[PDB]
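This chain uses plain numbering: 1 for the first residue, then up along the sequence. As a basis for the values below, the full set of heavy atoms in this structure was taken, side chains included, without hydrogen atoms, waters or symmetry mates. In listed order, ligands and their atoms are each counted from 1.
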Amino acid sequence: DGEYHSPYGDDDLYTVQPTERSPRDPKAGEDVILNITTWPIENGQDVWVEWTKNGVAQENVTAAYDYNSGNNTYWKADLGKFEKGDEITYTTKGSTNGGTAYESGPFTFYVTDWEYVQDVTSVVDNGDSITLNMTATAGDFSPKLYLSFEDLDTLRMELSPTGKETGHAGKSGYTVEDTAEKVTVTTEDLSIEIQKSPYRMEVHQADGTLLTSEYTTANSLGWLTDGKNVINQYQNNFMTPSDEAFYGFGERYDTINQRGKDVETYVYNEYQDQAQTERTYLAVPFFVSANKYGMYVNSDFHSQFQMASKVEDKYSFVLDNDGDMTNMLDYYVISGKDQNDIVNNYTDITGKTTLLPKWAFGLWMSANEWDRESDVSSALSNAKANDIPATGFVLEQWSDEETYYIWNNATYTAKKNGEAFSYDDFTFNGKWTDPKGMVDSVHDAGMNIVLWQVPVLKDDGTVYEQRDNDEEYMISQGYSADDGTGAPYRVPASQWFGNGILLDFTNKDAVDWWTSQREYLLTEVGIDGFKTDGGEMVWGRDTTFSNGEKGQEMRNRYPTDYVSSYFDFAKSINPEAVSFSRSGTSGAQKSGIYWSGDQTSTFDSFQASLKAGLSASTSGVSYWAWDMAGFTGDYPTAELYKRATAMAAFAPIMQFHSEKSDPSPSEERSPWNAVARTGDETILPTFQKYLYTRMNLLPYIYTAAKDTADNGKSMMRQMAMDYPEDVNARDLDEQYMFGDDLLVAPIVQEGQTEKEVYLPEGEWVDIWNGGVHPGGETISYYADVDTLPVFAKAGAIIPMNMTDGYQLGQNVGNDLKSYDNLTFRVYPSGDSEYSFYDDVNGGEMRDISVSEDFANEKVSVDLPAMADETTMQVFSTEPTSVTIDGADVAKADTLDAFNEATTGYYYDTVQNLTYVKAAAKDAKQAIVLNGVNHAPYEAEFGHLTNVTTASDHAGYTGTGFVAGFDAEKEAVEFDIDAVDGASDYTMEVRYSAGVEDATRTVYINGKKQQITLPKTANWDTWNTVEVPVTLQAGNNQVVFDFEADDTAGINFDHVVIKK
Ligand SMILES: OC[C@H]1O[C@@H](O)[C@H](O)[C@@H](O)[C@@H]1O
Ligand SMILES: OC[C@H]1O[C@@H](O)[C@H](O)[C@@H](O)[C@@H]1O
Ligand SMILES: OC[C@H]1O[C@@H](O)[C@H](O)[C@@H](O)[C@@H]1O
Ligand SMILES: OC[C@H]1O[C@@H](O)[C@H](O)[C@@H](O)[C@@H]1O
Ligand SMILES: OC[C@H]1O[C@H](O)[C@H](O)[C@@H](O)[C@@H]1O
Ligand SMILES: OC[C@H]1O[C@H](O)[C@H](O)[C@@H](O)[C@@H]1O
Ligand SMILES: OC[C@H]1O[C@H](O)[C@H](O)[C@@H](O)[C@@H]1O
Ligand SMILES: OC[C@H]1O[C@H](O)[C@H](O)[C@@H](O)[C@@H]1O
Ligand SMILES: OC[C@H]1O[C@H](O)[C@H](O)[C@@H](O)[C@@H]1O
Ligand SMILES: OC[C@H]1O[C@H](O)[C@H](O)[C@@H](O)[C@@H]1O
Ligand SMILES: [Ca+2]
Ligand SMILES: [Mg+2]
Ligand SMILES: [Mg+2]
Ligand SMILES: [Mg+2]
Ligand SMILES: [Mg+2]
Ligand SMILES: [Mg+2]
Ligand SMILES: [Mg+2]
Ligand SMILES: [Mg+2]
Ligand SMILES: [Mg+2]
């Protein structure tokens, strides 16, 4: 028999327990209901509430029967409404037939209401900080708002409602213009305009451009208080135009643009339907606006971002607090040189991404079902047999499933008092007879291994000696958090690892103990890190951690304290160790890889994963992975598998994984198992193509990884991060930038083969075939199930590790300590420069520069000193000569000859690439290609109308030519860029006309001319005629038509634009 009421229950944001107070934190005028339970269900029960208001005893409130469920009766007691300042203390009671009264409480709540800033009464400039003394709209406080500069382009606001706290110092490079009506604070990067009566702030760039501004009606800034000693929430409100887009907020699965939504900064473990529930494991109170600023609310407490979700021109943040009136509101308005610089400034505040070793950027293999040595050996054997040179290996089902630090089937003498084991304490049996040997075999295969972990000590009520000993010790030492009553905090019963005891990662002694138990795994077994899963496990209002903080503040921070603790520990022992986690908040980026969690194998999930990666990126979490093609649900289709593979190969971290622990047939998301499950053998060569291409691009990818760590530029970015002004880039969620120079457009729709790609300003070249696409429009790209549209930005310099075949998608292996043929792929356009991170040769920075001068038929490359032979692949027409330091280098007629030569050049007519080989020298080398023009615009890649392509006459450039083009209504249209601005140019038209002289009609931006194409000796002989054209800057429409007055058949190879 009993009674129970607990006002906050588990303090879950989304649900309530059936015995809570509603509202949990009452405001003035809100009716207060107490939900109370009794058991068993029995006639003769009475439930009531004994209480005081401002210390005065009130008449008891009688509860009314609500409903019965299970062994319990539920009741509601109505306390009524209260006024601001009221302090209510109550005890709930239940009895049967006037007998033993069971009770809960006392519980106290302080009734609140909002107070807002009114006017600025005085301004004090302290040199490194500005104090604005203010009045309030209500109450007796004298608030102070402190302004400071984290940097000249990053403004910090700290609000003390009572005026008793002081803000932090910042930079002193600012000036102030203080007048009776307004104060303007200026730096070389910002102009902050503050109206004094009423108080209202606008943040502008130095030149005056508005970044954001507090809502028009002012009184925008406020706090929720009882007017005495409780401050429970803060808010500010801002004006936003109807076109403003909001990105980031951590990792989001529903949309990349949060306009219209209430975004909760609240970590949560939501399985499979993250998009639909709008939940996430990784929540960060930071967003980037395409209006060129970021806003970071510096608090671990839950916050709600109302992004034009209430009023169409208003966005707001509402930040919770634990009552403590000394906790100031602290937020930043972040400007920068560009959107990526904004993110860099954010990482100055919350932490830089820690550069991971290069092995982290190869393929990771994982499957929950791998649970014994024979599974590992078969996994390694299958990878080798299928030519899959992975670099990472994950084991989840490796332990006793009890302590999570002892190998499954290991036997030993149990240890008391939390003593740590060493490798020699164990007798290894059954599934794992030689863990050290097993790790040695993984290392032998060129891979590194990580082991799965959780931050909780399991307690499912079953007896298990070592786990029981550990629990006893942990409790005696206070290594758990406190439930608020002196007992250890346990995960709520109905949750993942319910009843388990969380390790208090804020407790250094606790962390030292916990990690000591895993030490032998790094020092003796030789593992390369941990897959630190979970962490979204902190509930309860009164839950208390060693640092004095409670559940409200610690829920979002806990996962990152957990993940960082393990990352640092593993790395302290093994410098090459890497963590792989799913949960966190601001700062998560300092500590390893984050994967998108648990999703099903559908295209809808794929779409959600892509959004999660793009949002995480904006939020500073660059080293992001996902379970490619999904880890659970029905096995993926061959189509999904192939589409997922392609995106994954061009994502920051590439990893396959599966959920099932012991299925039949296998659930592995490996390519060999995908072939087995779907019956589609073509999956293997398609997977190989993408894996091999990723490894060819590893120098570029790893340099990008370094750029994240040093400069805050995420590896994979939503289009508006690079092009914030471009109205077509705002909502794109099915394409992205990868590194600085690649535009990747995965197909994420079932059945799709015509893929739309928005190309921003500039020229974009298909990296697979050399097709040229002018920017500033949406193109349609035909992509079969094996094809991924990827384009290089104009001026791009891309380092690659190539085989002697020199094609993308050729297996170079997984050697991370040497290159095969280090190659630089170059798309000349003006003057371009790239800093290559040569990690193979000591991490030296190699500064490469390219100067395009097609106006004079030259492209120059300034190659710095290199440790290795270097191959340039320059997109251009064929040179008449190539020089290195002024000396001619020999033309190689075939690829074989080029490979045998120590220096020389070779022209690839199919890709329109000039290969140039330079010897390794401890001095810079000046390479010049002479007689070159911009690469041809291949006819077979133009817009074709009623005409087809062929390859059945030798001598063409590209993949072939347009065949015949000999009837009315047949057309070939080109999108041609003016190589050097608006001007006249010469257009070369390369064709064959074996039978007789021909004519075609050409329109240049609608201006017609007829061209004569004289007969060639035969269809195996090509000729080129020069046509004068006038081009405008940018894209030019060049249409070749066969009109009524034209004549004869031709084969049409390409066109070249030149001076
Ligand atoms: O002291 C008075 C209280 O005693 C209980 O036994 C009654 O059932 C309550 O409704 C009442 O408020
Ligand atoms: O074993 C007694 C249990 O009975 C249930 O009906 C109650 O709701 C539980 O809180 C209680 O612990
Ligand atoms: O827009 C800000 C407002 O949001 C509402 O949802 C909250 O309940 C209010 O307390 C707050 O003033
Ligand atoms: O299959 C693994 C999944 O199982 C679910 O029951 C848990 O809540 C998730 O945290 C976990 O990733
Ligand atoms: O209100 C329905 C019922 O509620 C509780 O079970 C009471 O003990 C009982 O006397 C009453 O009949
Ligand atoms: O096998 C290791 C772990 O992997 C799985 O993801 C399960 O969620 C967990 O219950 C299990 O203990
Ligand atoms: O029921 C849980 C048990 O599962 C397996 O037998 C594990 O090998 C063992 O360590 C664990 O106690
Ligand atoms: O910890 C539970 C048990 O695990 C292993 O089976 C040990 O060999 C045994 O001594 C111990 O009691
Ligand atoms: O990039 C050049 C061409 O590449 C492929 O052939 C695509 O199917 C096509 O749409 C594109 O225009
Ligand atoms: O009529 C034009 C055609 O003439 C010949 O048949 C050629 O073989 C063919 O390549 C060309 O397209
Ligand atoms: Ca051609
Ligand atoms: Mg009665
Ligand atoms: Mg959509
Ligand atoms: Mg900066
Ligand atoms: Mg198995
Ligand atoms: Mg080692
Ligand atoms: Mg303690
Ligand atoms: Mg120039
Ligand atoms: Mg060689």
Side-chain angles (χ1 to χ4, degrees), residues 269 271 366-372 375 394-408 431 450-454 456-458 460 467 491 495-498 500 530-534 536-537 580 582 595 597-598 627 631-632 657-663 667 769-772 877 908-912 935-942 944 947-967 970 972 974 988-996 998 1000 1013 1015-1022 1024 1042 1047-1056:
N269 170 16
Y271 179 82
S366 184
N368 189 263
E369 69 195 66
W370 298 337
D371 68 329
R372 66 196 72 197
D375 287 356
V394 184
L395 284 178
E396 299 199 322
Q397 201 178 176
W398 70 273
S399 81
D400 58 7
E401 301 292 329
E402 299 287 358
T403 69
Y404 295 97
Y405 65 79
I406 297 176
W407 292 82
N408 209 0
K431 294 164 185 176
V450 305
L451 304 179
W452 186 93
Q453 296 283 279
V454 276
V456 58
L457 178 142
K458 166 176 165 172
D460 63 353
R467 197 191 87 211
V491 176
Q495 300 298 322
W496 191 44
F497 281 93
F530 301 99
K531 180 174 186 180
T532 35
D533 202 359
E536 317 85 355
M537 289 159 164
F580 198 103
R582 74 182 189 192
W595 94 100
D598 306 341
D627 302 332
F631 94 142
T632 197
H657 182 52
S658 48
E659 183 189 52
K660 264 48 199 180
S661 62
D662 193 31
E667 290 292 327
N769 61 35
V772 181
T877 58
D908 178 344
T909 64
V910 166
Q911 295 284 326
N912 293 306
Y937 288 84
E938 297 298 342
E940 57 272 28
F941 298 144
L944 312 175
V947 72
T948 62
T949 63
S951 293
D952 60 352
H953 293 284
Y956 55 84
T957 68
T959 54
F961 48 87
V962 169
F965 181 29
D966 57 7
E970 295 190 0
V972 179
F974 295 90
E988 300 183 346
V989 181
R990 190 162 185 258
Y991 74 95
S992 183
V995 176
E996 61 195 321
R1000 294 293 183 277
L1013 305 173
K1015 183 189 181 306
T1016 55
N1018 53 51
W1019 295 111
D1020 294 316
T1021 306
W1022 302 89
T1024 301
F1042 184 100
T1047 197
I1050 71 173
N1051 287 336
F1052 185 12
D1053 187 21
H1054 71 232
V1055 301
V1056 167

**Message:** Quick one, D598 and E659 - any side-chain contact, counting heavy atoms below 4.5 Å?
**Reply:** no
**Asked** Which one holds for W398 and ligand 6: side chain close, backbone close, both close, or neither close, with close meaning a heavy atom under 4.0 Å?
**Response** neither
**Request:** Please determine if the Ca ion (ligand 11) has an N/O/S atom from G960 lying under 3.0 Å away.
**Result:** yes
**Request:** Give a yes/no answer: is there an N/O/S atom of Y956 under 3.0 Å from the Ca ion (ligand 11)?
**Result:** no
**Asked** Quick one: do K660 and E369 make a salt bridge, cutoff under 4.0 Å?
**Response** no
**Fill in**
re atom 11 (C) of ligand 10, the protein heavy-atom contact at minimum distance is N1051 OD1, 3.4 Å
**Message:** I'd like to know if atom 4 (O) of ligand 10 has any protein heavy atom within a distance of less than 4.0 Å.
**Reply:** yes
**Message:** At less than 4.0 angstrom from any non-hydrogen atom of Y404, what atoms of ligand 6 do you find?
**Reply:** 12 (O)
**Prompt:** Atom CZ in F497, atom CE in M537: separation rounded to 0.5 Å?
**Reply:** 6.0 Å
**Prompt:** Nearest protein heavy atom to atom 6 (O) of ligand 10, by residue and atom, and its distance?
**Reply:** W1019 NE1, 4.7 Å
**Prompt:** If you count the atoms of ligand 10 from 1 in the order shown, which ones are under 4.0 Å from a heavy atom of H953?
**Reply:** 7 (C), 8 (O), 9 (C), 10 (O)
**Item:** Nearest non-hydrogen protein atom, atom 1 (O) of ligand 10
**Value:** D966 OD2, 4.0 Å
**Item:** N/O/S atom name from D1053 that is nearest to the position of the Ca ion (ligand 11)
**Value:** OD1
**Prompt:** Hey, mind stepping through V456 and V491 against side-chain contact (heavy atoms from CB on, under 4.5 Å) and telling me if it holds?
**Reply:** CA-CA 9 Å; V456 58; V491 176; 4.3 Å; yes
**Prompt:** Can you find a non-hydrogen atom of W496 under 4.0 Å from ligand 6?
**Reply:** yes
**Prompt:** Do you know which two heavy atoms are closest between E940 and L944, and how far apart they sit?
**Reply:** O-CD1, 4.4 Å
**Message:** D952 versus ligand 10: do any nitrogen or oxygen atoms come within less than 3.5 Å of each other?
**Reply:** no
**Complete:** The protein heavy atom nearest to atom 2 (C) of ligand 6 is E396 O, 3.3 Å
**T909 side chain to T957 side chain, donor-acceptor N/O pair below 3.5 angstrom** = no
**Asked** For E938, what is the atom name of its N, O or S atom nearest to the Ca ion (ligand 11)?
**Response** OE1
**Complete:** Only one of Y991, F1052, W1022 passes side-chain contact (heavy atoms from CB on, under 4.5 Å) with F961, and that residue is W1022
**Asked** In terms of residue, atom name and distance, what is the protein heavy atom nearest to atom 12 (O) of ligand 6?
**Response** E401 OE1, 2.6 Å
**Item:** Cationic N near anionic O, under 4.0 Å, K458 to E401
**Value:** no
**Asked** Any side-chain donor-acceptor pair under 3.5 Å between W407 and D400?
**Response** no
**Request:** May I ask you to check whether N912 and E938 show a side-chain donor-acceptor distance below 3.5 Å?
**Result:** yes
**The single option from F580, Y404, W398, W370 passing ring pair (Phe, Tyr, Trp, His ring centres under 6.0 Å) against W452** = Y404
**Fill in**
One finds that the ligand 10 atoms under 4.0 Å from a non-hydrogen atom of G964 are 12 (O)
**Item:** Heteroatom proximity flag, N368 to ligand 6, N/O under 3.5 Å
**Value:** yes
**Complete:** For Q397, the atoms of ligand 6 under 4.0 Å from one of its heavy atoms are 1 (O)
